[PDB]
Amino acid sequence: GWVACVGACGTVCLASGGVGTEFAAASXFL
């Protein structure tokens, strides 16, 4: 589901420290 995408963003946002975790989460959406 979409809930999995928004949650997976954590791994990405973490890689870059956490500048825009909410932003990186958009990836799973797009």
# chains A, B, ... in the order shown; residues from 1 in each chain; ligands from 1
call {"tool": "residues_around", "arguments": {"residues": "residue 5 in chain A", "least_positions_apart": "3", "cutoff": "9 Å", "atoms": "only C-alpha atoms", "output": "count of residues only"}}
result
9
call {"tool": "select_by_dssp", "arguments": {"residues": "chain A", "states": "alpha helix (DSSP H)", "output": "PyMOL selection string"}}
result
chain A and resi 2-15+21-24+26-29
call {"tool": "atom_distance", "arguments": {"atom1": "CA of residue 3 in chain A", "atom2": "CA of residue 19 in chain A"}}
result
20.6 Å
